[PDB]
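Asker: Have a look at the structure that comes next, please.
2 protein chains.
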Amino acid sequence: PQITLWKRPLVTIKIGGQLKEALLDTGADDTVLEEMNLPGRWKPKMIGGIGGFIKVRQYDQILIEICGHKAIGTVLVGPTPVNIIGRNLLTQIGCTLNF
Amino acid sequence: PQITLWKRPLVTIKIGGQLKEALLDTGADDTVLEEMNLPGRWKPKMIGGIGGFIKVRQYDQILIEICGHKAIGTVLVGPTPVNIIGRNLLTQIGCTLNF
Ligand SMILES: CC[C@H](C)[C@H](NC(=O)OC)C(=O)N[C@@H](Cc1ccccc1)[C@@H](O)C[C@H](Cc1ccccc1)NC(=O)O[C@H]1CO[C@H]2OCC[C@H]21
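So the sequences go chain by chain: W and F.
Just so it is clear: in the first sequence, position 81 is 81 by UniProt numbering, and no numbers are missing.
Just so it is clear: in the second sequence, position 81 is 81 by UniProt numbering, and no numbers are missing.
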């Protein structure tokens with residue numbers, strides 16, 4: 001679809017069998033989701049933005065469906081204020097910025 | 001144009017007559033630039049991000065050109081790690097997400 005930017009570009013995603021709302025974020029290298037207990041091994045990671053760094057759990061080869069488009073990649077889990085879909089997954093659904 | 005997300009969507013902007021590189025960021029409500037000397041009056045403000053809050057200088061009704069597209073709106077100046085063009089200006093240049 002086409003998503004305008006008058007409001008936060010929030011969409012429904014499916015991950016680990018759950019539905020969630022997430023921000024499509026071209027300014028994020030990586031995908032970061034609110035605390036959830038996902039099965040599997042994980043690696044510790046630090047990610048930063050405005051204001052500093054937070055500690056997260058890195059899960060690899062996680063499937064996520066974003067408005068019916070499927071993507072598979074690394075998903076980070078930690079105390080973020082909002083679920084963020086980053087470029088590592090946006091590229092897989094064919095997402096572009098246009099103006 | 002149409003911009004893919006395999007790399008960071010960095011573009012050249014012109015503000016206060018100076019050229020800079022900035023990230024087109026659908027995940028930012030507001031535009032935030034690294035320290036610069038901008039003409040005009042300003043008011044202190046705080047904005048938050050993934051790591052917490054930073055102190056910024058809010059400049060209103062600033063002219064900025066983003067790959068030749070003109071916008072006039074609020075620009076925050078402060079210790080951000082990267083120059084970010086947020087939705088308040090992306091909307092003025094007609095930017096949408098498409099997939
Ligand atoms: C991938 C890890 C991080 C998510 C990612 N870092 C990364 O990719 O570094 C490599 C990252 O922080 N990206 C941000 C831009 C950015 C800043 C610093 C360095 C690199 C890129 C932005 O795209 C997402 C962020 C999401 C958000 C967080 C908290 C509350 C609401 C929304 N928005 C945001 O901070 O916005 C500010 C500015 O406007 C205001 O509205 C929203 C809050 C205010």
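Note that the Cβ used here is the ideal one computed from N, Cα and C, for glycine as well.
#1: How about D25 of chain W: is its C-beta nearer than 8 Å to some C-beta of chain F?
#2: If you follow the alpha helix (DSSP H) that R57 of chain W is in, where does it begin and where does it stop?
#3: Since residue 100 of chain F and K70 of chain F are thought to touch, with beta carbons under 8 Å apart, how far apart are those beta carbons, to the nearest angstrom?
#4: Using 8 Å as the limit for Cβ to Cβ distance, is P9 of chain W near chain F?
#5: Which residues in chain W sit within 8 Å of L90 of chain F, going by Cβ to Cβ distance?
#6: Taking 8 Å as the threshold (C-beta atoms), are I93 of chain F and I66 of chain F in contact?
#7: Can you pull the chain W residues whose beta carbon is under 7 Å from the beta carbon of residue 138 of chain F, in chain order?
#8: Can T96 of chain W be considered in contact with ligand 1, in the sense that its beta carbon sits closer than 7 Å to one or more heavy atoms?
#9: Buried or exposed: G27 of chain F, going by 16 or more other Cβ atoms within 10 Å of its Cβ?
#10: Counting beta carbon pairs with one atom in the segment 9 to 21 of chain F and one in the segment 1 to 14 of chain W, are three or more of them shorter than 8 Å?
#11: State the start and end residues of the unbroken alpha helix (DSSP H) segment that holds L90 of chain W.
#12: So is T80 of chain F in contact with chain W if we call contact Cβ pairs under 8 Å?
#13: May I ask you to list, following chain order, the residues of the segment 25 to 46 of chain F that have a beta carbon less than 9 Å from some beta carbon of chain W?
#14: Just confirm the distance between the C-beta atoms of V82 of chain W and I62 of chain W, as a whole number of angstroms; I'd bet it's less than 8 Å.
Answerer: In short, the structure shows the following:
#1: Chain F, which has a Cβ nearer than 8 Å to the Cβ of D25 of chain W, makes this yes.
#2: Note, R57 of chain W: premise wrong, no alpha helix (DSSP H); beta strand (DSSP E) at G52 to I66.
#3: Because residue 100 of chain F is not part of the residues shown, which for chain F are 1 to 99, the question remains open.
#4: Taking a beta-carbon distance threshold of 8 Å, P9 of chain W counts as an interface residue toward chain F.
#5: Listed along chain W are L5 and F99, each with a C-beta nearer than 8 Å to that of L90 of chain F.
#6: Yes, the pair counts as a contact, with Cβ atoms nearer than the cut-off.
#7: In the structure as shown, chain F begins at 1 and stops at 99. Residue 138 of chain F is therefore absent and cannot be evaluated.
#8: No, ligand 1 has no heavy atom inside 7 Å of this Cβ.
#9: Buried: at least 16 other Cβ atoms inside 10 Å.
#10: Per the Cβ contact rule, the segment 1 to 14 of chain W is not in contact with the segment 9 to 21 of chain F (fewer than 3 Cβ pairs under 8 Å).
#11: Per DSSP, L90 of chain W is one residue of the alpha helix (DSSP H) stretching across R87 to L90.
#12: For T80 of chain F, the closest Cβ of chain W is nearer than 8 Å.
#13: Residues passing the 9 Å Cβ filter: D25, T26, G27, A28, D29 and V32.
#14: In this structure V82 of chain W is not in contact with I62 of chain W, their Cβ atoms being roughly 18 Å apart against a cut-off of 8 Å.
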